[PDB]
Each structure stands twice: as structure tokens, then as C-alpha cells.
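Undergrad: Hey, dropping input-v9.txt in here, compact mmCIF, C-alpha atoms and all ligand atoms:
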# COMPACT_ATOMS: atom_id res chain seq x y z
CA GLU A 1 1.99 34.24 23.66
CA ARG A 2 -1.20 32.15 23.72
CA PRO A 3 -0.71 28.37 23.99
CA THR A 4 -2.52 25.94 21.68
CA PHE A 5 -5.72 24.60 23.27
CA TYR A 6 -7.28 21.21 22.55
CA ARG A 7 -10.86 19.99 23.00
CA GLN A 8 -12.10 16.97 24.91
CA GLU A 9 -15.42 15.83 26.36
CA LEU A 10 -14.89 14.49 29.87
CA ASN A 11 -18.04 12.79 31.14
CA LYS A 12 -20.58 15.24 29.63
CA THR A 13 -18.59 18.50 29.64
CA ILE A 14 -16.38 20.06 26.95
CA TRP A 15 -12.90 20.79 28.32
CA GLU A 16 -10.59 23.09 26.34
CA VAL A 17 -7.07 23.21 27.84
CA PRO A 18 -3.49 24.05 26.76
CA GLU A 19 -1.49 21.17 25.27
CA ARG A 20 0.91 21.08 28.25
CA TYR A 21 -1.84 19.39 30.31
CA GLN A 22 -2.22 15.74 29.36
CA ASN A 23 -4.07 12.62 30.53
CA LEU A 24 -7.11 14.46 31.90
CA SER A 25 -9.01 12.13 34.22
CA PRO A 26 -12.13 13.15 36.21
CA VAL A 27 -11.64 13.07 40.00
CA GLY A 28 -14.59 15.15 41.24
CA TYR A 29 -19.22 24.77 41.99
CA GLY A 30 -17.38 23.03 39.12
CA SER A 31 -15.62 19.81 38.16
CA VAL A 32 -12.04 18.66 38.71
CA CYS A 33 -9.73 16.51 36.57
CA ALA A 34 -6.34 15.11 37.46
CA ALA A 35 -3.74 15.74 34.74
CA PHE A 36 -0.03 15.67 34.00
CA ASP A 37 1.58 19.04 33.39
CA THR A 38 4.34 18.32 30.87
CA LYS A 39 5.81 21.80 31.38
CA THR A 40 6.55 21.34 35.10
CA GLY A 41 6.47 17.53 35.51
CA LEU A 42 3.80 17.96 38.19
CA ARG A 43 0.66 15.92 38.74
CA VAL A 44 -2.02 18.63 38.75
CA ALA A 45 -5.68 19.10 39.54
CA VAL A 46 -7.51 21.12 36.88
CA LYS A 47 -10.84 22.66 37.88
CA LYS A 48 -13.34 23.94 35.33
CA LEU A 49 -15.81 26.34 36.95
CA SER A 50 -19.44 25.63 36.04
CA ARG A 51 -21.40 28.62 34.70
CA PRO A 52 -19.00 31.07 36.47
CA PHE A 53 -21.05 34.13 35.41
CA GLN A 54 -24.66 32.83 35.50
CA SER A 55 -25.68 35.35 38.20
CA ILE A 56 -24.27 38.28 40.22
CA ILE A 57 -23.79 35.86 43.14
CA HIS A 58 -21.90 33.36 40.95
CA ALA A 59 -19.82 36.03 39.17
CA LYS A 60 -18.78 37.57 42.51
CA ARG A 61 -17.94 34.09 43.86
CA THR A 62 -15.76 33.39 40.80
CA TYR A 63 -13.86 36.65 41.33
CA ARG A 64 -13.61 35.88 45.06
CA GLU A 65 -12.07 32.42 44.52
CA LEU A 66 -9.61 33.64 41.88
CA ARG A 67 -8.52 36.62 44.03
CA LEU A 68 -8.06 34.29 47.01
CA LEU A 69 -5.97 31.67 45.18
CA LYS A 70 -3.80 34.27 43.41
CA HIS A 71 -2.92 35.73 46.82
CA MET A 72 -2.13 32.50 48.71
CA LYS A 73 1.62 31.85 48.66
CA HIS A 74 2.51 29.56 51.56
CA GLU A 75 3.83 25.98 51.86
CA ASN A 76 0.86 24.85 53.98
CA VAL A 77 -1.83 26.45 51.84
CA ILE A 78 -3.20 25.74 48.35
CA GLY A 79 -1.28 27.66 45.66
CA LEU A 80 -2.39 28.59 42.16
CA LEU A 81 -0.12 26.96 39.57
CA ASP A 82 -2.07 28.34 36.60
CA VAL A 83 -5.34 29.95 35.51
CA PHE A 84 -6.55 30.06 31.93
CA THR A 85 -9.38 30.66 29.49
CA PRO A 86 -9.61 29.57 25.81
CA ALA A 87 -11.17 33.00 25.17
CA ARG A 88 -9.08 35.42 23.09
CA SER A 89 -10.89 38.52 24.38
CA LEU A 90 -13.29 39.76 27.07
CA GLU A 91 -16.11 39.52 24.50
CA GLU A 92 -15.84 35.72 24.16
CA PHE A 93 -14.76 35.11 27.79
CA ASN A 94 -17.11 32.57 29.40
CA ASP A 95 -15.02 29.84 31.02
CA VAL A 96 -12.43 29.83 33.82
CA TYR A 97 -10.04 26.96 34.59
CA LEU A 98 -7.92 26.76 37.75
CA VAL A 99 -4.81 24.61 38.28
CA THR A 100 -3.09 23.45 41.50
CA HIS A 101 -1.06 20.50 42.87
CA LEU A 102 -3.10 17.30 42.78
CA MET A 103 -4.30 16.24 46.23
CA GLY A 104 -3.48 12.53 46.58
CA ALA A 105 -4.89 11.83 50.04
CA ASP A 106 -6.60 13.89 52.74
CA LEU A 107 -6.37 13.85 56.55
CA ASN A 108 -9.33 11.43 56.82
CA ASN A 109 -7.34 8.86 54.80
CA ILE A 110 -4.61 9.00 57.47
CA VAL A 111 -6.80 9.01 60.61
CA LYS A 112 -8.86 5.98 59.42
CA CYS A 113 -10.59 4.94 62.70
CA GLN A 114 -7.17 4.82 64.43
CA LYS A 115 -4.97 6.81 66.85
CA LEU A 116 -1.86 8.58 65.56
CA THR A 117 1.46 8.92 67.40
CA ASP A 118 2.09 12.10 69.41
CA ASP A 119 4.95 13.20 67.12
CA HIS A 120 2.61 12.84 64.11
CA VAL A 121 -0.13 14.89 65.82
CA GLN A 122 2.48 17.54 66.72
CA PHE A 123 3.69 17.80 63.12
CA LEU A 124 0.22 17.72 61.51
CA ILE A 125 -1.33 20.32 63.82
CA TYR A 126 1.81 22.50 63.65
CA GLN A 127 1.35 22.73 59.86
CA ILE A 128 -2.34 23.62 60.10
CA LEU A 129 -1.49 26.40 62.57
CA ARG A 130 1.46 27.56 60.42
CA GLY A 131 -0.92 27.80 57.45
CA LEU A 132 -3.60 29.48 59.57
CA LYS A 133 -1.23 32.12 60.95
CA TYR A 134 -0.58 33.06 57.30
CA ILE A 135 -4.27 33.01 56.28
CA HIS A 136 -5.38 35.03 59.32
CA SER A 137 -2.59 37.61 58.86
CA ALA A 138 -4.30 38.50 55.56
CA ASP A 139 -7.61 38.90 57.45
CA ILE A 140 -9.03 35.80 55.73
CA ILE A 141 -11.20 33.31 57.61
CA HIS A 142 -11.32 29.73 56.32
CA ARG A 143 -14.75 29.08 57.92
CA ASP A 144 -14.81 25.41 56.78
CA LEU A 145 -11.78 23.63 58.28
CA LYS A 146 -12.24 19.86 58.43
CA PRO A 147 -10.06 16.76 57.69
CA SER A 148 -11.34 16.42 54.08
CA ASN A 149 -10.10 19.98 53.36
CA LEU A 150 -6.55 19.13 54.39
CA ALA A 151 -4.25 17.44 51.88
CA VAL A 152 -1.46 15.28 53.31
CA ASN A 153 1.32 13.65 51.26
CA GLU A 154 3.54 10.64 52.02
CA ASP A 155 6.06 12.69 54.04
CA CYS A 156 3.19 13.95 56.27
CA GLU A 157 3.31 17.41 54.61
CA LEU A 158 0.00 19.25 54.88
CA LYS A 159 -1.81 21.87 52.80
CA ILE A 160 -5.01 23.74 53.66
CA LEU A 161 -7.45 23.67 50.74
CA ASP A 162 -11.07 24.55 49.92
CA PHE A 163 -11.65 27.87 51.70
CA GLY A 164 -15.25 28.71 52.64
CA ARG A 165 -19.86 26.93 50.96
CA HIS A 166 -22.57 24.86 52.69
CA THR A 167 -26.38 25.06 52.50
CA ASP A 168 -28.99 24.31 55.20
CA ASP A 169 -29.60 20.77 53.89
CA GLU A 170 -25.94 19.66 54.01
CA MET A 171 -25.54 21.04 57.55
CA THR A 172 -28.50 18.89 58.64
CA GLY A 173 -28.19 15.71 60.69
CA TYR A 174 -25.29 13.36 61.43
CA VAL A 175 -22.81 15.04 59.09
CA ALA A 176 -19.07 15.85 59.13
CA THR A 177 -19.94 19.16 57.41
CA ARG A 178 -21.03 20.43 60.87
CA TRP A 179 -18.94 18.47 63.43
CA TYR A 180 -15.96 20.89 63.24
CA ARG A 181 -17.88 24.19 63.35
CA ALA A 182 -17.59 26.62 66.25
CA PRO A 183 -20.89 26.89 68.17
CA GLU A 184 -21.20 30.65 67.45
CA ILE A 185 -21.24 29.97 63.70
CA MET A 186 -23.28 26.72 63.93
CA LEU A 187 -26.07 28.56 65.78
CA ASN A 188 -25.42 32.11 64.51
CA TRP A 189 -24.83 33.51 68.01
CA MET A 190 -22.96 36.62 66.89
CA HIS A 191 -20.76 38.34 64.31
CA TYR A 192 -17.91 35.80 64.21
CA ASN A 193 -14.19 36.18 63.51
CA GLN A 194 -10.97 34.23 62.79
CA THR A 195 -11.17 32.27 66.06
CA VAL A 196 -13.82 30.00 64.52
CA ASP A 197 -10.92 28.31 62.69
CA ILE A 198 -9.12 27.62 66.00
CA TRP A 199 -12.20 25.77 67.28
CA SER A 200 -12.03 23.58 64.16
CA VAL A 201 -8.31 22.91 64.77
CA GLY A 202 -9.19 21.80 68.33
CA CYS A 203 -11.79 19.34 67.00
CA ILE A 204 -9.26 18.05 64.45
CA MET A 205 -6.47 17.66 67.00
CA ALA A 206 -8.73 15.75 69.42
CA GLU A 207 -9.74 13.36 66.60
CA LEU A 208 -6.09 12.71 65.69
CA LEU A 209 -5.35 11.98 69.35
CA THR A 210 -8.29 9.60 69.97
CA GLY A 211 -9.06 8.49 66.40
CA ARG A 212 -12.71 9.48 66.99
CA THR A 213 -14.94 12.47 66.15
CA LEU A 214 -14.88 14.89 69.10
CA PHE A 215 -18.45 16.18 68.65
CA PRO A 216 -20.32 13.74 66.36
CA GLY A 217 -23.71 15.44 66.83
CA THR A 218 -26.78 13.90 65.21
CA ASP A 219 -28.14 17.42 64.66
CA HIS A 220 -27.48 21.04 65.73
CA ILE A 221 -29.08 20.61 69.17
CA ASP A 222 -27.38 17.27 69.92
CA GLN A 223 -24.00 18.73 68.91
CA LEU A 224 -24.46 21.77 71.17
CA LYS A 225 -25.21 19.45 74.12
CA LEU A 226 -22.05 17.44 73.34
CA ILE A 227 -20.04 20.69 73.26
CA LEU A 228 -21.45 22.09 76.54
CA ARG A 229 -20.96 18.75 78.32
CA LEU A 230 -17.23 19.11 77.61
CA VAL A 231 -16.52 22.84 77.94
CA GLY A 232 -19.31 23.76 80.37
CA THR A 233 -22.36 25.95 79.80
CA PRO A 234 -21.66 29.65 79.14
CA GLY A 235 -21.32 32.23 81.91
CA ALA A 236 -22.95 35.69 82.06
CA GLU A 237 -19.98 37.27 80.28
CA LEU A 238 -20.44 35.17 77.13
CA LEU A 239 -24.26 35.31 77.28
CA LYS A 240 -24.16 39.12 76.91
CA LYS A 241 -22.05 38.67 73.75
CA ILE A 242 -24.71 36.44 72.18
CA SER A 243 -26.39 39.28 70.25
CA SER A 244 -29.06 36.89 68.99
CA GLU A 245 -31.70 37.32 71.72
CA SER A 246 -33.37 34.10 70.56
CA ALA A 247 -30.20 31.96 70.69
CA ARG A 248 -29.41 33.48 74.09
CA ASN A 249 -32.87 32.57 75.43
CA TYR A 250 -32.50 28.93 74.35
CA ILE A 251 -29.00 28.66 75.90
CA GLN A 252 -30.43 29.89 79.23
CA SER A 253 -33.02 27.08 79.21
CA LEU A 254 -30.24 24.53 79.64
CA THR A 255 -29.20 23.14 83.02
CA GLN A 256 -25.82 24.59 84.01
CA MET A 257 -22.81 22.28 83.66
CA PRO A 258 -19.15 22.71 84.65
CA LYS A 259 -16.20 22.25 82.28
CA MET A 260 -14.93 18.65 82.35
CA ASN A 261 -11.39 17.56 83.21
CA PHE A 262 -9.62 17.23 79.82
CA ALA A 263 -7.03 14.80 81.27
CA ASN A 264 -9.93 12.44 82.08
CA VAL A 265 -11.43 12.92 78.60
CA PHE A 266 -8.16 12.44 76.68
CA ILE A 267 -6.75 9.55 78.71
CA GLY A 268 -3.02 8.96 78.18
CA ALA A 269 -2.49 12.03 75.98
CA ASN A 270 0.58 14.27 76.31
CA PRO A 271 -0.28 16.78 79.10
CA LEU A 272 0.94 19.55 76.76
CA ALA A 273 -1.58 18.42 74.12
CA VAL A 274 -4.32 18.48 76.78
CA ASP A 275 -3.30 22.02 77.80
CA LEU A 276 -3.40 23.31 74.21
CA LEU A 277 -6.81 21.67 73.67
CA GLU A 278 -8.12 23.50 76.76
CA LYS A 279 -6.90 26.79 75.23
CA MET A 280 -8.39 26.11 71.78
CA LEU A 281 -11.75 24.68 72.86
CA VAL A 282 -12.97 27.73 74.75
CA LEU A 283 -16.65 28.61 74.29
CA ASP A 284 -15.99 32.38 74.34
CA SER A 285 -14.25 33.11 71.04
CA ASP A 286 -12.69 36.29 72.51
CA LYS A 287 -10.64 34.05 74.83
CA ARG A 288 -9.44 31.31 72.42
CA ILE A 289 -5.74 30.96 71.63
CA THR A 290 -4.75 32.45 68.25
CA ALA A 291 -2.67 30.62 65.61
CA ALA A 292 0.33 32.89 66.29
CA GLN A 293 0.07 32.23 70.05
CA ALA A 294 -0.52 28.47 69.54
CA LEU A 295 2.64 28.13 67.41
CA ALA A 296 4.60 29.28 70.51
CA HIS A 297 2.93 26.69 72.79
CA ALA A 298 5.32 24.14 74.36
CA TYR A 299 3.59 21.24 72.52
CA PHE A 300 5.31 22.33 69.26
CA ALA A 301 8.78 22.79 70.79
CA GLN A 302 10.50 20.55 68.21
CA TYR A 303 8.92 22.29 65.17
CA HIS A 304 8.49 25.92 66.25
CA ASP A 305 10.68 28.52 64.55
CA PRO A 306 9.47 32.16 64.74
CA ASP A 307 11.80 32.97 61.81
CA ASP A 308 10.12 30.35 59.58
CA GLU A 309 6.40 31.08 60.15
CA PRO A 310 5.66 33.85 57.60
CA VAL A 311 2.72 36.25 57.38
CA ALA A 312 0.81 37.25 54.21
CA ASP A 313 1.14 40.34 52.00
CA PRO A 314 -1.79 42.71 52.51
CA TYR A 315 -5.01 41.43 50.94
CA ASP A 316 -7.44 44.07 49.63
CA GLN A 317 -10.97 42.64 49.92
CA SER A 318 -12.96 45.89 49.58
CA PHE A 319 -14.69 44.20 46.63
CA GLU A 320 -16.66 42.19 49.21
CA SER A 321 -18.73 45.26 50.15
CA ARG A 322 -19.06 46.38 46.51
CA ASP A 323 -22.23 46.09 44.41
CA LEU A 324 -21.62 45.44 40.71
CA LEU A 325 -23.30 43.93 37.64
CA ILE A 326 -22.44 40.50 36.17
CA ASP A 327 -20.44 42.00 33.28
CA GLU A 328 -18.49 44.14 35.76
CA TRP A 329 -17.54 41.18 37.99
CA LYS A 330 -16.73 39.30 34.78
CA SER A 331 -14.37 42.04 33.53
CA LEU A 332 -12.61 42.13 36.92
CA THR A 333 -12.25 38.33 36.73
CA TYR A 334 -10.87 38.59 33.15
CA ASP A 335 -8.31 41.20 34.28
CA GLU A 336 -7.10 38.78 36.98
CA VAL A 337 -6.70 35.86 34.53
CA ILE A 338 -4.70 38.01 32.07
CA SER A 339 -2.42 39.43 34.79
CA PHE A 340 -1.56 36.03 36.35
CA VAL A 341 2.13 35.20 36.80
CA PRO A 342 3.06 31.55 37.46
CA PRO A 343 5.26 30.67 40.45
CA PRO A 344 8.94 29.78 39.80
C1 LIG A 401 -11.53 19.61 46.35
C2 LIG A 401 -11.08 20.72 45.44
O1 LIG A 401 -11.91 21.78 45.28
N1 LIG A 401 -11.33 22.74 44.39
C3 LIG A 401 -10.12 22.24 43.99
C4 LIG A 401 -9.21 22.96 43.05
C5 LIG A 401 -8.93 24.31 43.28
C6 LIG A 401 -8.10 25.01 42.42
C7 LIG A 401 -7.55 24.37 41.31
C8 LIG A 401 -7.83 23.02 41.07
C9 LIG A 401 -8.67 22.32 41.93
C10 LIG A 401 -9.88 20.99 44.60
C11 LIG A 401 -8.71 20.07 44.47
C12 LIG A 401 -7.41 20.53 44.66
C13 LIG A 401 -6.35 19.63 44.53
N2 LIG A 401 -6.60 18.35 44.24
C14 LIG A 401 -7.87 17.91 44.07
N3 LIG A 401 -8.09 16.60 43.79
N4 LIG A 401 -8.92 18.76 44.19
Show how you would write the structure in this file as C-alpha cells.
Ligand SMILES: Cc1onc(-c2ccccc2)c1-c1ccnc(N)n1
TA:
Amino acid sequence: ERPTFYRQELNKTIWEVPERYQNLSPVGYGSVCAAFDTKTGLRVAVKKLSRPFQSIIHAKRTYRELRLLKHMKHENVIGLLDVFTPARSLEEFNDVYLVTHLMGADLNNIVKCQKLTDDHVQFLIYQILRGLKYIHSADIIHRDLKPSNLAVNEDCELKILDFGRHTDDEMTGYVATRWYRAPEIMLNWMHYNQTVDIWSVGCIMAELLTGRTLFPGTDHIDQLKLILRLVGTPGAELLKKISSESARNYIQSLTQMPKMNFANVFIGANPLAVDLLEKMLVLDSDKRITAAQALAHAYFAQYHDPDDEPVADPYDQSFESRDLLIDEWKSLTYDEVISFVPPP
């Protein structure tokens, strides 16, 4: 049946949670507390969504996040341990809490201005690609892959968190929020797809290899110039695919540049790593390596197992193109909370 809930003000917010969750301590859309789940013995992160149904946009976002997390069942991706509301009925339903494994440290905490060993890079990138193969098989695009969205424990085990989002202000200037974005998304060149995530993986892998940001642009234009210096300016083939006439006109104003030699950029790196980087960091998204293809690349020889890289169950996201009222999104959300089944 229904657990017993207890009340607690954490900072300046009232949190009402089942008794199983103890020692709630603030750690960070909503707010997150770390807690101890006495039922499972797990250190958990508990997220209370802020005004989940304040608008149609917010209500749809709440449903989106809950649907996403309920679907994700993979070792290298965030899983949903629990979801609850103190509400006893749809009528009084106003708050949503989400529970997952507590992230202790992220990728940034492990890079820390320093190079990693090649075996470490292999293992870390393998896990991102393993997770991505799974995410992409469900036709989901992360859209926001960066080191701070990747949890890594003490045994170097990685999970992809925080699916995509970001406003114009936070994408402005010398900011990590933009350094890992594919150029087609950064400058809205075209209708983008799953390959945007592969670009991000390339930027991440390079940074693990060198210990430095691959494209630390001081703004959109600076970052584009950094990108084109490395990969070369686009050819006619890609230009046609830039459906944004305006973005295409600006690109054409730039002096043509050839692709650089990646072995001269990534001095001393495993030639197999260099090769993979060349296949990920392709300007034309149509021609980038996919996660499934990248898993089979020689660089991951010691970790690759085609029988241990699972795909996702089908994910129905027809709700995305659906127009509903707040109360309707709210009822859908309530249905999903009530139907939740915890993992074993
Ligand atoms: C960041 C972030 O953004 N959303 C969540 C979240 C998602 C679902 C349930 C609980 C927390 C987290 C998160 C996840 C794990 N650990 C920590 N410290 N934070």
C-alpha cells in the first residue's frame, strides 16, 4: 500500500518523502537531495520537481522526463529507482519526486587538467558508446552530452545522465555548455539527428587524451573557426544540406581550409584513437560513425562484445507531437507515477 510520508523543510522548500529515505541533504527545473534509502541500502539522489504543472510547457516537460527515465534500463544510463507523490488522488496531485543512484563524481572530476592513460580512455569512451547505442536504438537523442553529465564511480564505471535544456544566455560566451555541441546544432544549420551525440563523444574523447578542451570557443563564431581549422571548411555537398540559407551564406564567406593531420594534433596518441577521432569529428553528420559502428572499431578490441551491448525496447514518443491541456498532461503524468514498478 501507501508508505508513511514525513515532512521536512530543506533550505526553503517543504519536502514530503516516504520514511525509507533518510538523512536528506541538499546537493543541487527542480532541486536535488542526497539521501540514504534504508530499503535498498543505496545512497540515492532525490529530485523534487519545481512547479511541475505551472504551464503546458512545464507539464509536458514533466511527463517527458518521467517517460524517459521509466524507459531507460541500461548499465551505462541513468535508471529510475523510484518515483512518488504524497498525493492520495489525482485531485490533490501537485508534486513529483524522482529517485536514482547518487552521482558521487563526474567525468570532469577525473580529467582535472591532466591526461588519462590510453586504457582508461578506451574504457570510459567504450561505456559512453555502449550507453549511446542503447539510447539511440530507442530513437532518443541526448542533445547535451558533456563531462558534467557523465557520472563515474571509483571502478571507472560510467553512467549517462541529464538528457536534453539550455537557453540563449547560458550558451553565450566562453562556456562548457557549448564546447561539446555539434556545429549543425550550435548554429541551427539543419534538422539534426542522433549523430550530434557522436560529435560530443569526439570532443570528450579528445579532452581525455590531451587533458584539454578540444574547442574552447569564446563565443559561437570563435568556436566555429576552431572547428573548421581542425576538420576543414565544408564542401559543396555539405553546403547544400545547410537548409538555413543565412547560415550557408555566412559559411561561404570564410576562407577555405583543408582538414588538419590528426596525428600532428594529437601527438603521441594511439593511432587507433586518432583514426576513431577522424571518423567521429566529421563536419557532415550524414558521414559520422554511429555508436553501433564505433563499438566495433579496433580501438575497443579489449572491451567489445556484440553479445553484451543491448538495444532498447521500443519507445513510443507520439506524445511529443500531441497538443494537450495542463490537466491532461498532469493526468498522464499521474498515471505513470501510479503504474511505476521498481527494479529488482
Ligand atoms: C544533475 C541531476 O539532474 N537530475 C538528477 C536526478 C534525476 C532523477 C532522479 C534524481 C536526480 C540529477 C542527479 C542524479 C544523480 N545524482 C545527482 N547528484 N544528481
Undergrad: Extract, using only C-alpha atoms, all DNA, RNA and protein residues at most 12 Å from residue A:301, discarding same-chain residues fewer than 3 positions from it, and format them as an MDAnalysis selection string.
TA: chainID A and resid 119 122:123 126 272:273 294:298 304:306
Undergrad: Show me, as a Markdown table, the residues of chain A having an atom within 6 Å of ligand LIG 401 (chain A), each with the closest atom pair and its distance in Å, using only C-alpha atoms and all ligand atoms.
TA:
| residue | atom | partner | partner_atom | distance |
| --- | --- | --- | --- | --- |
| A:32 | CA | A:LIG401 | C9 | 5.9 |
| A:45 | CA | A:LIG401 | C8 | 4.7 |
| A:46 | CA | A:LIG401 | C8 | 4.6 |
| A:47 | CA | A:LIG401 | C8 | 4.4 |
| A:98 | CA | A:LIG401 | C7 | 4.3 |
| A:99 | CA | A:LIG401 | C7 | 4.1 |
| A:100 | CA | A:LIG401 | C7 | 4.6 |
| A:101 | CA | A:LIG401 | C13 | 5.6 |
| A:102 | CA | A:LIG401 | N2 | 3.9 |
| A:103 | CA | A:LIG401 | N2 | 3.7 |
| A:162 | CA | A:LIG401 | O1 | 5.5 |
Undergrad: What does the distance between atom CA of residue A:16 and atom CA of residue A:328 come to in Å, to one decimal place?
TA: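 These two atoms are separated by 24.4 Å.
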Undergrad: Tell me which of A:12, A:136, A:64, A:142 sits closest to residue A:314, counting only C-alpha atoms.
TA: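 Among A:12, A:136, A:64, A:142, it is A:136 that comes nearest to residue A:314.
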Undergrad: Which one is closest to residue A:203: A:6, A:97, A:215, A:262? Count only C-alpha atoms.
TA: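 Selected residue with least distance to residue A:203: A:215.
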Undergrad: Could you tell me how far atom CA of residue A:182 sits from atom CA of residue A:251, in Å to one decimal place?
TA: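 Calculated distance between atom CA of residue A:251 and atom CA of residue A:182 is 15.1 Å.
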Undergrad: For residue A:75, which of A:26, A:131, A:3, A:104 is the closest residue, counting all atoms listed in the file?
TA: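 Answer, going by the shortest atom-to-atom distance: A:131.
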Undergrad: Which residues are near stretch 195-200 of chain A? Cut-off 6 Å, all atoms listed in the file, ignore same chain within fewer than 5 positions. Put them as a VMD selection string.
TA: chain A and resid 145 180 to 182 280 to 281 285
Undergrad: Calculated over only C-alpha atoms, which of the candidates A:274, A:1, A:60, A:235 has the smallest distance to residue A:322?
TA: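 Using only C-alpha atoms, residue A:322 sits closest to A:60.
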Undergrad: With distances taken over all atoms listed in the file, which residue among A:335, A:159, A:108, A:264 lies nearest residue A:73?
TA: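 Answer, going by the shortest atom-to-atom distance: A:159.
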Undergrad: May I have the residues at most 8 Å from (-6.4, 26.0, 23.4) in the file's coordinates, counting all atoms listed in the file, as a VMD selection string?
TA: chain A and resid 3 to 7 16 to 19 86
Undergrad: At what distance in Å, to one decimal, does atom CA of residue A:204 lie from atom CA of residue A:216?
TA: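 One can read the atom CA of residue A:216 to atom CA of residue A:204 distance as 12.0 Å.
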Undergrad: Go through A:42, A:132, A:206, A:175 one by one, measure the shortest atom-to-atom distance of each to residue A:222 using all atoms listed in the file, and give the residue with the smallest value.
TA: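 Of all the options, A:175 lies closest to residue A:222.
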